[PDB]
Structure formats: C-alpha cells, structure tokens
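Heads up, final24.pdb below (PDB, C-alpha atoms (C1' of nucleotides) and all ligand atoms):
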```
ATOM      1  CA  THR Q 250     124.710  83.212 161.438
ATOM      2  CA  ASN Q 251     124.694  86.742 162.876
ATOM      3  CA  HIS Q 252     122.396  86.524 165.904
ATOM      4  CA  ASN Q 253     123.301  90.048 167.102
ATOM      5  CA  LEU Q 254     123.053  91.927 163.811
ATOM      6  CA  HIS Q 255     121.304  94.928 165.354
ATOM      7  CA  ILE Q 256     124.585  95.775 167.126
ATOM      8  CA  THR Q 257     126.997  94.386 164.522
ATOM      9  CA  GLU Q 258     125.405  96.790 162.022
ATOM     10  CA  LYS Q 259     126.007  99.942 164.063
ATOM     11  CA  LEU Q 260     129.453  98.678 164.940
ATOM     12  CA  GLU Q 261     130.315  98.008 161.311
ATOM     13  CA  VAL Q 262     129.443 101.670 160.740
ATOM     14  CA  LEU Q 263     131.750 102.678 163.606
ATOM     15  CA  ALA Q 264     134.511 100.415 162.272
ATOM     16  CA  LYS Q 265     134.016 101.977 158.852
ATOM     17  CA  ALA Q 266     134.405 105.425 160.396
ATOM     18  CA  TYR Q 267     137.706 104.347 162.001
ATOM     19  CA  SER Q 268     138.927 102.604 158.829
ATOM     20  CA  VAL Q 269     138.164 105.781 156.881
ATOM     21  CA  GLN Q 270     140.037 107.876 159.468
ATOM     22  CA  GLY Q 271     143.499 106.269 159.439
ATOM     23  CA  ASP Q 272     142.966 104.196 162.645
ATOM     24  CA  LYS Q 273     143.810 100.810 161.189
ATOM     25  CA  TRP Q 274     143.980  99.234 164.667
ATOM     26  CA  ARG Q 275     140.651 100.645 165.839
ATOM     27  CA  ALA Q 276     139.089  99.213 162.676
ATOM     28  CA  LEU Q 277     140.927  95.903 163.010
ATOM     29  CA  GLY Q 278     139.673  95.430 166.549
ATOM     30  CA  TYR Q 279     136.174  96.389 165.485
ATOM     31  CA  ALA Q 280     136.151  94.015 162.502
ATOM     32  CA  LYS Q 281     137.529  91.123 164.569
ATOM     33  CA  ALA Q 282     134.771  91.817 167.068
ATOM     34  CA  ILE Q 283     131.991  91.862 164.503
ATOM     35  CA  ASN Q 284     133.467  88.663 163.007
ATOM     36  CA  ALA Q 285     133.242  87.206 166.528
ATOM     37  CA  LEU Q 286     129.715  88.476 167.260
ATOM     38  CA  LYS Q 287     128.450  87.205 163.890
ATOM     39  CA  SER Q 288     129.896  83.714 164.458
ATOM     40  CA  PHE Q 289     128.666  83.311 168.053
ATOM     41  CA  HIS Q 290     126.088  80.569 168.513
ATOM     42  CA  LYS Q 291     123.543  82.365 170.716
ATOM     43  CA  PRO Q 292     122.364  85.992 170.929
ATOM     44  CA  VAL Q 293     123.762  88.183 173.691
ATOM     45  CA  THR Q 294     121.815  88.607 176.936
ATOM     46  CA  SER Q 295     123.961  90.612 179.405
ATOM     47  CA  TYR Q 296     127.290  92.381 179.804
ATOM     48  CA  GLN Q 297     128.969  89.388 181.442
ATOM     49  CA  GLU Q 298     127.811  87.103 178.623
ATOM     50  CA  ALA Q 299     129.145  89.667 176.137
ATOM     51  CA  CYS Q 300     132.631  90.142 177.585
ATOM     52  CA  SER Q 301     133.329  86.401 177.842
ATOM     53  CA  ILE Q 302     133.196  86.327 174.024
ATOM     54  CA  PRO Q 303     136.843  86.297 172.784
ATOM     55  CA  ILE Q 305     134.949  91.491 173.049
ATOM     56  CA  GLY Q 306     136.606  93.730 175.650
ATOM     57  CA  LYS Q 307     135.367  96.197 178.237
ATOM     58  CA  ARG Q 308     134.522  99.150 175.968
ATOM     59  CA  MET Q 309     133.314  96.885 173.184
ATOM     60  CA  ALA Q 310     130.933  94.965 175.383
ATOM     61  CA  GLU Q 311     130.055  98.411 176.783
ATOM     62  CA  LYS Q 312     128.817  99.181 173.298
ATOM     63  CA  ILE Q 313     127.162  95.793 172.981
ATOM     64  CA  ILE Q 314     125.192  96.569 176.135
ATOM     65  CA  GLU Q 315     124.554 100.085 174.824
ATOM     66  CA  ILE Q 316     122.773  98.637 171.797
ATOM     67  CA  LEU Q 317     121.233  95.793 173.829
ATOM     68  CA  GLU Q 318     119.525  98.153 176.281
ATOM     69  CA  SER Q 319     118.978 101.079 173.880
ATOM     70  CA  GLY Q 320     118.113 100.730 170.235
ATOM     71  CA  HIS Q 321     120.599 103.132 168.653
ATOM     72  CA  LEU Q 322     124.230 103.463 169.730
ATOM     73  CA  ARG Q 323     125.004 107.104 170.551
ATOM     74  CA  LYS Q 324     128.626 106.910 169.399
ATOM     75  CA  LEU Q 325     127.147 107.124 165.897
ATOM     76  CA  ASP Q 326     125.719 110.582 166.682
ATOM     77  CA  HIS Q 327     129.220 112.048 167.086
ATOM     78  CA  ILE Q 328     130.595 110.547 163.855
ATOM     79  CA  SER Q 329     132.199 113.235 161.695
ATOM     80  CA  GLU Q 330     130.361 114.393 158.573
ATOM     81  CA  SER Q 331     133.609 113.893 156.613
ATOM     82  CA  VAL Q 332     133.296 110.101 156.987
ATOM     83  CA  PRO Q 333     131.062 109.671 153.889
ATOM     84  CA  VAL Q 334     133.256 111.868 151.693
ATOM     85  CA  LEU Q 335     136.451 110.120 152.761
ATOM     86  CA  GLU Q 336     134.867 106.691 152.247
ATOM     87  CA  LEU Q 337     133.716 107.769 148.763
ATOM     88  CA  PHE Q 338     137.261 108.822 147.871
ATOM     89  CA  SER Q 339     138.578 105.536 149.321
ATOM     90  CA  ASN Q 340     136.219 103.656 146.986
ATOM     91  CA  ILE Q 341     138.525 104.859 144.209
ATOM     92  CA  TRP Q 342     141.375 102.465 143.502
ATOM     93  CA  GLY Q 343     144.794 103.655 144.577
ATOM     94  CA  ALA Q 344     143.113 106.102 146.958
ATOM     95  CA  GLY Q 345     143.122 105.594 150.707
ATOM     96  CA  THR Q 346     142.918 107.522 153.964
ATOM     97  CA  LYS Q 347     145.652 110.083 153.281
ATOM     98  CA  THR Q 348     144.577 110.851 149.726
ATOM     99  CA  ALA Q 349     140.929 111.075 150.712
ATOM    100  CA  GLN Q 350     142.025 113.392 153.543
ATOM    101  CA  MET Q 351     143.961 115.525 151.050
ATOM    102  CA  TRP Q 352     141.031 115.720 148.631
ATOM    103  CA  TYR Q 353     138.740 116.563 151.559
ATOM    104  CA  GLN Q 354     140.819 119.414 152.963
ATOM    105  CA  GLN Q 355     141.114 120.760 149.405
ATOM    106  CA  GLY Q 356     137.347 121.341 149.459
ATOM    107  CA  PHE Q 357     136.348 118.321 147.359
ATOM    108  CA  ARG Q 358     133.042 116.728 148.319
ATOM    109  CA  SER Q 359     132.018 114.597 145.317
ATOM    110  CA  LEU Q 360     133.386 112.234 142.690
ATOM    111  CA  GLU Q 361     132.791 114.925 140.067
ATOM    112  CA  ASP Q 362     135.087 117.232 142.025
ATOM    113  CA  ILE Q 363     137.711 114.498 141.787
ATOM    114  CA  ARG Q 364     137.183 114.127 138.046
ATOM    115  CA  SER Q 365     137.408 117.899 137.497
ATOM    116  CA  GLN Q 366     139.761 119.764 139.850
ATOM    117  CA  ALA Q 367     141.401 116.985 141.886
ATOM    118  CA  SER Q 368     144.930 115.800 141.095
ATOM    119  CA  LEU Q 369     144.902 112.084 140.215
ATOM    120  CA  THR Q 370     147.586 109.448 139.660
ATOM    121  CA  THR Q 371     147.496 106.943 136.804
ATOM    122  CA  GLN Q 372     146.085 104.330 139.164
ATOM    123  CA  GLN Q 373     143.702 106.762 140.821
ATOM    124  CA  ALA Q 374     142.465 107.603 137.314
ATOM    125  CA  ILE Q 375     141.957 103.948 136.411
ATOM    126  CA  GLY Q 376     140.020 103.598 139.661
ATOM    127  CA  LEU Q 377     137.976 106.754 139.091
ATOM    128  CA  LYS Q 378     136.946 105.660 135.599
ATOM    129  CA  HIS Q 379     135.692 102.207 136.709
ATOM    130  CA  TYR Q 380     134.140 103.440 139.962
ATOM    131  CA  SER Q 381     130.834 101.567 139.613
ATOM    132  CA  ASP Q 382     132.181  98.345 138.095
ATOM    133  CA  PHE Q 383     134.816  97.857 140.796
ATOM    134  CA  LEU Q 384     132.093  97.987 143.463
ATOM    135  CA  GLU Q 385     129.742  95.540 141.659
ATOM    136  CA  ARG Q 386     131.002  92.062 142.539
ATOM    137  CA  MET Q 387     130.686  89.477 139.762
ATOM    138  CA  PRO Q 388     129.076  86.021 139.750
ATOM    139  CA  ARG Q 389     131.258  82.953 140.118
ATOM    140  CA  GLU Q 390     130.552  81.883 136.521
ATOM    141  CA  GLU Q 391     132.187  85.000 135.091
ATOM    142  CA  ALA Q 392     135.204  84.530 137.341
ATOM    143  CA  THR Q 393     135.455  81.013 135.928
ATOM    144  CA  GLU Q 394     135.272  82.477 132.425
ATOM    145  CA  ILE Q 395     138.196  84.720 133.359
ATOM    146  CA  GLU Q 396     140.150  81.870 134.902
ATOM    147  CA  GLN Q 397     139.741  79.511 131.950
ATOM    148  CA  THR Q 398     140.548  82.362 129.532
ATOM    149  CA  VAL Q 399     143.839  83.130 131.276
ATOM    150  CA  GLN Q 400     144.624  79.427 131.602
ATOM    151  CA  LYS Q 401     144.002  78.658 127.925
ATOM    152  CA  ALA Q 402     146.097  81.620 126.784
ATOM    153  CA  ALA Q 403     148.884  80.651 129.199
ATOM    154  CA  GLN Q 404     148.828  76.980 128.115
ATOM    155  CA  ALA Q 405     149.299  78.044 124.520
ATOM    156  CA  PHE Q 406     152.788  79.280 125.476
ATOM    157  CA  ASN Q 407     153.589  76.134 127.511
ATOM    158  CA  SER Q 408     151.153  73.245 127.991
ATOM    159  CA  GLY Q 409     152.929  72.280 131.230
ATOM    160  CA  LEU Q 410     151.753  75.454 132.969
ATOM    161  CA  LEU Q 411     148.870  75.161 135.435
ATOM    162  CA  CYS Q 412     146.638  77.955 136.727
ATOM    163  CA  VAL Q 413     144.194  78.508 139.580
ATOM    164  CA  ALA Q 414     141.770  81.321 140.400
ATOM    165  CA  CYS Q 415     142.589  81.731 144.061
ATOM    166  CA  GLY Q 416     140.549  84.210 146.036
ATOM    167  CA  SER Q 417     136.976  84.483 147.198
ATOM    168  CA  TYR Q 418     136.115  82.287 144.212
ATOM    169  CA  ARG Q 419     138.307  79.455 145.478
ATOM    170  CA  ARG Q 420     136.778  80.015 148.930
ATOM    171  CA  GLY Q 421     133.358  79.423 147.345
ATOM    172  CA  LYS Q 422     131.900  82.947 147.472
ATOM    173  CA  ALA Q 423     129.100  83.745 145.032
ATOM    174  CA  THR Q 424     130.443  87.242 144.272
ATOM    175  CA  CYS Q 425     134.040  88.271 143.575
ATOM    176  CA  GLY Q 426     135.130  91.833 142.879
ATOM    177  CA  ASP Q 427     138.666  90.490 142.565
ATOM    178  CA  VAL Q 428     140.191  87.765 140.375
ATOM    179  CA  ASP Q 429     143.665  86.537 141.425
ATOM    180  CA  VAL Q 430     145.059  83.949 138.990
ATOM    181  CA  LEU Q 431     148.118  82.037 140.194
ATOM    182  CA  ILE Q 432     150.076  80.426 137.348
ATOM    183  CA  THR Q 433     153.054  78.097 137.802
ATOM    184  CA  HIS Q 434     154.816  75.105 136.280
ATOM    185  CA  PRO Q 435     155.200  71.722 138.020
ATOM    186  CA  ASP Q 436     158.975  71.603 137.486
ATOM    187  CA  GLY Q 437     159.483  75.100 138.918
ATOM    188  CA  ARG Q 438     161.956  76.160 136.213
ATOM    189  CA  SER Q 439     159.948  76.493 132.977
ATOM    190  CA  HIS Q 440     157.717  79.236 134.412
ATOM    191  CA  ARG Q 441     160.472  81.869 134.096
ATOM    192  CA  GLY Q 442     159.808  83.931 130.962
ATOM    193  CA  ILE Q 443     156.102  83.553 130.057
ATOM    194  CA  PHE Q 444     154.732  86.399 132.216
ATOM    195  CA  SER Q 445     155.451  89.211 129.750
ATOM    196  CA  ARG Q 446     154.606  87.140 126.666
ATOM    197  CA  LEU Q 447     151.143  86.208 127.972
ATOM    198  CA  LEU Q 448     150.561  89.698 129.388
ATOM    199  CA  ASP Q 449     151.230  91.257 125.992
ATOM    200  CA  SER Q 450     149.199  88.507 124.319
ATOM    201  CA  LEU Q 451     146.073  89.180 126.373
ATOM    202  CA  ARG Q 452     146.455  92.946 126.090
ATOM    203  CA  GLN Q 453     146.862  92.585 122.309
ATOM    204  CA  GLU Q 454     143.617  90.637 121.970
ATOM    205  CA  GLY Q 455     141.898  93.081 124.339
ATOM    206  CA  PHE Q 456     141.202  90.887 127.369
ATOM    207  CA  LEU Q 457     143.132  93.448 129.430
ATOM    208  CA  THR Q 458     141.836  97.029 129.352
ATOM    209  CA  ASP Q 459     144.015  98.901 131.875
ATOM    210  CA  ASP Q 460     147.270  98.180 133.703
ATOM    211  CA  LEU Q 461     147.921  99.201 137.314
ATOM    212  CA  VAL Q 462     150.984  97.708 139.032
ATOM    213  CA  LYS Q 463     153.190  96.010 136.432
ATOM    214  CA  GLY Q 464     155.958  94.012 138.095
ATOM    215  CA  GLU Q 470     158.179  91.228 136.828
ATOM    216  CA  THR Q 471     156.349  88.518 138.808
ATOM    217  CA  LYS Q 472     153.139  90.368 139.798
ATOM    218  CA  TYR Q 473     150.570  91.737 137.322
ATOM    219  CA  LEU Q 474     147.647  93.915 138.424
ATOM    220  CA  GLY Q 475     145.144  95.346 135.969
ATOM    221  CA  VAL Q 476     141.605  95.435 134.599
ATOM    222  CA  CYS Q 477     139.993  92.800 132.370
ATOM    223  CA  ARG Q 478     136.639  92.662 130.591
ATOM    224  CA  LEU Q 479     135.118  89.577 128.989
ATOM    225  CA  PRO Q 480     134.190  90.233 125.339
ATOM    226  CA  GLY Q 481     130.430  90.521 125.173
ATOM    227  CA  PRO Q 482     127.558  92.949 125.632
ATOM    228  CA  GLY Q 483     126.958  94.643 128.939
ATOM    229  CA  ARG Q 484     130.210  93.358 130.439
ATOM    230  CA  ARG Q 485     131.479  95.248 133.489
ATOM    231  CA  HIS Q 486     135.196  95.710 134.113
ATOM    232  CA  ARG Q 487     136.681  93.303 136.656
ATOM    233  CA  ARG Q 488     139.977  93.668 138.504
ATOM    234  CA  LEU Q 489     142.418  90.875 137.660
ATOM    235  CA  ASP Q 490     145.839  89.976 139.036
ATOM    236  CA  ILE Q 491     148.156  87.413 137.452
ATOM    237  CA  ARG Q 492     151.025  86.071 139.545
ATOM    238  CA  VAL Q 493     153.648  83.611 138.274
ATOM    239  CA  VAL Q 494     155.498  82.243 141.311
ATOM    240  CA  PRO Q 495     157.712  79.119 141.309
ATOM    241  CA  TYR Q 496     156.318  75.690 142.091
ATOM    242  CA  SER Q 497     158.331  75.553 145.323
ATOM    243  CA  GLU Q 498     156.481  78.517 146.841
ATOM    244  CA  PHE Q 499     153.133  77.583 145.258
ATOM    245  CA  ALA Q 500     151.806  75.961 148.430
ATOM    246  CA  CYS Q 501     152.752  79.024 150.513
ATOM    247  CA  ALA Q 502     151.239  81.404 147.929
ATOM    248  CA  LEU Q 503     147.947  79.561 147.287
ATOM    249  CA  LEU Q 504     147.162  79.838 150.985
ATOM    250  CA  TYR Q 505     147.446  83.614 151.184
ATOM    251  CA  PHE Q 506     145.844  84.279 147.821
ATOM    252  CA  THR Q 507     142.924  82.029 148.814
ATOM    253  CA  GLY Q 508     142.001  84.266 151.757
ATOM    254  CA  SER Q 509     140.786  85.713 153.774
ATOM    255  CA  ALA Q 510     143.001  88.467 155.164
ATOM    256  CA  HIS Q 511     141.787  87.802 158.716
ATOM    257  CA  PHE Q 512     142.531  84.138 158.025
ATOM    258  CA  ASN Q 513     146.153  84.876 157.070
ATOM    259  CA  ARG Q 514     146.297  87.212 160.100
ATOM    260  CA  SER Q 515     145.365  84.501 162.535
ATOM    261  CA  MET Q 516     147.594  82.033 160.707
ATOM    262  CA  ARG Q 517     150.430  84.561 160.968
ATOM    263  CA  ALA Q 518     149.843  85.009 164.693
ATOM    264  CA  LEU Q 519     149.702  81.247 165.289
ATOM    265  CA  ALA Q 520     152.901  80.805 163.264
ATOM    266  CA  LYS Q 521     154.555  83.610 165.245
ATOM    267  CA  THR Q 522     153.697  82.012 168.601
ATOM    268  CA  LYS Q 523     155.405  78.822 167.383
ATOM    269  CA  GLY Q 524     158.335  80.908 166.096
ATOM    270  CA  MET Q 525     157.521  80.825 162.395
ATOM    271  CA  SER Q 526     157.005  83.444 159.680
ATOM    272  CA  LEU Q 527     154.107  82.607 157.329
ATOM    273  CA  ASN Q 528     153.950  85.052 154.412
ATOM    274  CA  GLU Q 529     152.630  84.777 150.857
ATOM    275  CA  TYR Q 530     156.049  83.579 149.614
ATOM    276  CA  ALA Q 531     157.342  80.916 152.023
ATOM    277  CA  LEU Q 532     156.954  79.416 155.488
ATOM    278  CA  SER Q 533     160.216  79.928 157.358
ATOM    279  CA  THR Q 534     161.026  79.476 161.014
ATOM    280  CA  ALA Q 535     162.243  82.092 163.499
ATOM    281  CA  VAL Q 536     165.164  84.150 162.268
ATOM    282  CA  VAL Q 537     168.247  84.336 164.474
ATOM    283  CA  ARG Q 538     168.192  87.001 167.181
ATOM    284  CA  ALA Q 543     168.287  92.979 167.336
ATOM    285  CA  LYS Q 544     168.440  89.844 165.199
ATOM    286  CA  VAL Q 545     171.745  88.238 164.225
ATOM    287  CA  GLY Q 546     170.442  86.181 161.324
ATOM    288  CA  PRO Q 547     167.534  85.402 159.007
ATOM    289  CA  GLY Q 548     165.039  82.557 159.226
ATOM    290  CA  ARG Q 549     165.323  79.028 157.852
ATOM    291  CA  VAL Q 550     162.928  77.935 155.100
ATOM    292  CA  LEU Q 551     160.778  74.848 155.684
ATOM    293  CA  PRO Q 552     159.680  72.934 152.550
ATOM    294  CA  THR Q 553     155.888  72.699 152.225
ATOM    295  CA  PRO Q 554     154.858  71.348 148.813
ATOM    296  CA  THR Q 555     151.135  71.063 149.581
ATOM    297  CA  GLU Q 556     148.654  73.126 151.573
ATOM    298  CA  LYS Q 557     148.420  70.290 154.064
ATOM    299  CA  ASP Q 558     152.183  70.495 154.595
ATOM    300  CA  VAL Q 559     151.681  74.071 155.793
ATOM    301  CA  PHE Q 560     148.854  73.075 158.123
ATOM    302  CA  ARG Q 561     151.144  70.235 159.288
ATOM    303  CA  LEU Q 562     154.267  72.234 160.151
ATOM    304  CA  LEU Q 563     151.984  74.624 162.082
ATOM    305  CA  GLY Q 564     150.292  71.934 164.191
ATOM    306  CA  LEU Q 565     146.819  72.658 162.828
ATOM    307  CA  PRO Q 566     144.187  70.475 161.153
ATOM    308  CA  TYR Q 567     143.650  71.142 157.461
ATOM    309  CA  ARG Q 568     140.896  73.728 156.934
ATOM    310  CA  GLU Q 569     139.029  73.660 153.638
ATOM    311  CA  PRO Q 570     139.053  76.927 151.633
ATOM    312  CA  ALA Q 571     135.319  77.033 152.351
ATOM    313  CA  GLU Q 572     136.130  77.327 156.077
ATOM    314  CA  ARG Q 573     138.549  80.274 155.722
ATOM    315  CA  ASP Q 574     136.635  83.442 156.619
ATOM    316  CA  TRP Q 575     137.967  83.718 160.216
TER     317      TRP Q 575
ATOM    318  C1'  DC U   1     152.001  98.187 177.873
ATOM    319  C1'  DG U   2     152.749  96.982 173.265
ATOM    320  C1'  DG U   3     152.116  93.993 169.243
ATOM    321  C1'  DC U   4     148.553  93.379 165.616
ATOM    322  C1'  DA U   5     152.403  90.548 158.528
ATOM    323  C1'  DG U   6     155.923  91.506 155.438
ATOM    324  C1'  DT U   7     156.176  92.689 150.706
ATOM    325  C1'  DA U   8     156.762  94.982 146.019
ATOM    326  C1'  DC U   9     155.277  99.286 142.895
ATOM    327  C1'  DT U  10     154.598 103.880 142.140
ATOM    328  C1'  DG U  11     155.713 108.586 142.851
TER     329       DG U  11
ATOM    330  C1'  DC E   1     161.049 108.422 152.088
ATOM    331  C1'  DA E   2     155.493 107.723 152.133
ATOM    332  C1'  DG E   3     150.810 105.754 150.235
ATOM    333  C1'  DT E   4     148.156 101.991 148.752
ATOM    334  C1'  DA E   5     147.961  97.391 147.403
ATOM    335  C1'  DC E   6     147.842  92.172 148.166
TER     336       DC E   6
ATOM    337  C1'  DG Z   1     139.787  98.128 169.246
ATOM    338  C1'  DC Z   2     141.436  93.277 171.934
ATOM    339  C1'  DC Z   3     144.778  90.139 174.193
ATOM    340  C1'  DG Z   4     149.350  87.841 175.478
TER     341       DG Z   4
HETATM  342 CA    CA I   1     139.117  89.669 147.659
HETATM  343 NA    NA I   2     139.456 101.552 148.593
HETATM  344 NA    NA I   3     130.688  88.792 129.150
END
```

What is this structure when it is put down as structure tokens?
Amino acid sequence: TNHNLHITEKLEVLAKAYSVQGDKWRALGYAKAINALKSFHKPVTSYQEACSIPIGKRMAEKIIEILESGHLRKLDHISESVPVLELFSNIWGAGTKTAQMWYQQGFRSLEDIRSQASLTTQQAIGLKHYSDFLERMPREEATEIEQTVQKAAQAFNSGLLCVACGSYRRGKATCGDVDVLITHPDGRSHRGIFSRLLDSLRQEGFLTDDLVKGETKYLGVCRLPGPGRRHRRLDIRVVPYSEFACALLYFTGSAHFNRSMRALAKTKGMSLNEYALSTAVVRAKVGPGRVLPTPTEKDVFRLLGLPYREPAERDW
DNA sequence: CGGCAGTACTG
DNA sequence: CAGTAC
DNA sequence: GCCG
C-alpha cells in the first residue's frame, strides 16, 4: 500500500491545513498527490524518481525534504488556528467560512459553540451528534439500515428497488454515511412515495433529525432501535429509472473517482454528473448538451471508452 | 496560464 | 447572492 | 497543489 507513509502523513497534515483554510485547490492537489504516493509500487529514492510520479516541483521538493530530513519544516509554520477551524468544520453544516467566523469571534472550543456561538438548524443538528458523526459504522449496521429502508419502501410499492450506494457498496468496512438510492423499474411509479415513506419512517422513529428536505433528495439522521446505538447520517434519493445508471455511479464513489471520470468525459466532450451523461453542449455556448442513454453502469463505461471498473476498484 | 463538476437547499 | 452539501 |  503506502510505501512512503512517513511523508504522506506530514503532507496529509499540510493538506488538512489548506482544506481548513479555504484553499480548496491547494488541498485538492495535496490529496491527489498523497493518493498517488500511497498507490505507487516502490518507495521513493531521489528527487528525479519522485517528480516522475504523475508530483510536481514543489511537491517533490517536499518529498525530498522528508526523505532527507525526518520532519518537514512547513509544518512548523502552520497556524495555531488550524485545529480550531478543523474542529468547527467537524460540525455538520459548518465549513471554512463559518469556522473562520466562529474563530474571529473568539471561540476556541465546541462548548463555546454550544453556548455563545450562533448556530443554524443544521449546524445544531451537527453540533448535537458531534461524536457519532465522526465514528464510522460497521458494514453490518449499514446493511441493517439499507434493508430497513427497503422493506418500508416496498410496503408502499413492491415494485420499488433500493440500493445502499456509497462506501458500503465500494466494500469499505466503515461508513459514516448511508446513501440509499430508491427507484422503480418502469421509471414512472416512483413519483409520489418519497414523502409517504419519509413520514412513515419518521413516525416510527427510524429518523431522528432532518437536514436538507427536498422533493427528490432527503438528508437526515437515523438510529437503529436498540441499546447503545449511535446516530448515523442517512440520505434517501428517489431518482427515475432512466437516470439510475448515471446516479449509482456518483453515489457509489469516490469523489476523486467521479473527478477523474468527469475530467475524462470532458476531454472526450461529455458531461458526466450525478443525473445524466450528456455530450458537449453547443458553443459563449449557443446550446445545451445532448443526453446519451446509459441504462447500466457498463453503458457509462462504454460511452466513455473505458473498461468497467468494479465498485471495489473506485478509490482513485 | 488557467482549469480542477455541476447541482439543489437553506438562509 | 453566498455557504455547505453530495 | 498539478497538468494539459
Ligand atoms: Ca462517504
Ligand atoms: Na465538516
Ligand atoms: Na442497533
């Protein structure tokens, strides 16, 4: 696996500092570089050998900094606000600009957020389940959640099928997220069961809190009935059968996977989002793009000129 | 240099 | 409009 | 942050 973890560690700390400080691109380059250093077959030996890794000049300059020295000195200049901002980012619905606001307001602890800090409804639901949301769950409990949502959905219409796309479907032992995709094979009967099932599950108590409540997209908190059960974040999306193959890809993950798939689709003049695979829109543009039917996940790998990758092989 | 995904919700 | 989310 |  990671043959250069002594450097990937210190760089993941640097990338975290950038991610916590609004520099999404600095963090994205760092993460793509750690994801490349962790997947490389042999450990690094020189600067030349480091830069040839698809790693730049200043990144391999840090690789060589940790290869010749034992501690990267960039880390010594990291701002002391980085931990506080990261802590505020650990709250749901709270990112770099809200952590920055809380920080300049003199807040330096979660208790300060729960006492004097102004919170939104979502930032409150995140602040109350702070520990649970950071404790990823075993695959078995995610399966319990999946089957529970599927059974309750099938009671409204037995034709409906469900799938727990996400790190679970990728085969990851832990999952601090549960995204259940529900659809109907005909693509027309699905319309109208979202609210009924959502109220059903909240009535029984499967759902504890609600975050983003849209017509087609549900985001909230669930908790399996039983002792010592921690609150897990669940999303329930009811998209038509036509778009199911384009949705199941994105909601399977990872993000970096759908980022490389989106780049590859863009080079071949195609837009690959979580709703449909369309080709290049007319060009300022003088027209939208043309949808390409892709019923199965292989059809999407096909129209993109790529071999089918198993969900297990989607960490990119 | 300049692009790195586009989207819906919430406020 | 922006912020945070997938 | 890297790379076309
Ligand atoms: Ca996830
Ligand atoms: Na966060
Ligand atoms: Na339980």

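Atom to atom, atom CA of residue Q:396 and atom CA of residue Q:416 stand 11.4 Å apart.
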
Item checked: Neighbour list for residue E:2 as a PyMOL selection string, cut-off 12 Å, all atoms listed in the file, skip fewer than 6 positions in-chain -> (chain Q and resi 347-348) or (chain U and resi 10-11)

Note to self: Translate the PyMOL selection byres (((not hetatm)) within 7 of (chain I and resi 3)) into a concrete residue list for this structure, as number ranges by chain.
What the structure shows: Q: 479-484

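Shortest separation to ligand CA 1 (chain I) among Q:406, Q:418, Q:499, Q:567 occurs at residue Q:418, atoms counted being all atoms listed in the file.
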
Write out as a tab-separated table the residues of chain Q that have any atom within 6 Å of an atom of ligand NA 2 (chain I), one row each with the nearest atom pair and its distance in Å to one decimal, counting only C-alpha atoms and all ligand atoms, sorted by chain and then rising number.
```
residue	atom	partner	partner_atom	distance
Q:339	CA	I:NA2	NA	4.1
Q:340	CA	I:NA2	NA	4.2
Q:341	CA	I:NA2	NA	5.6
Q:342	CA	I:NA2	NA	5.5
Q:345	CA	I:NA2	NA	5.9
```

Next, the residues of the selection above should be written as a PDB file, keeping the file's coordinate frame with C-alpha atoms.
```pdb
ATOM      1  CA  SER Q 339     138.578 105.536 149.321  1.00  0.00           C
ATOM      2  CA  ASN Q 340     136.219 103.656 146.986  1.00  0.00           C
ATOM      3  CA  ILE Q 341     138.525 104.859 144.209  1.00  0.00           C
ATOM      4  CA  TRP Q 342     141.375 102.465 143.502  1.00  0.00           C
ATOM      5  CA  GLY Q 345     143.122 105.594 150.707  1.00  0.00           C
TER       6      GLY Q 345
END
```

Notebook entry, point to check: Mind pulling up the distance from atom CA of residue Q:509 to atom CA of residue Q:412?
Noted result: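 Taking atom CA of residue Q:412 and atom CA of residue Q:509, their separation equals 19.6 Å.
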
As JSON, please report the centre and edge lengths, rounded to one decimal in Å, of the axis-aligned box that holds all listed atoms of chain Z with 3 Å of padding on each of the six sides.
```
{"center_x": 144.6, "center_y": 93.0, "center_z": 172.4, "size_x": 15.6, "size_y": 16.3, "size_z": 12.2}
```
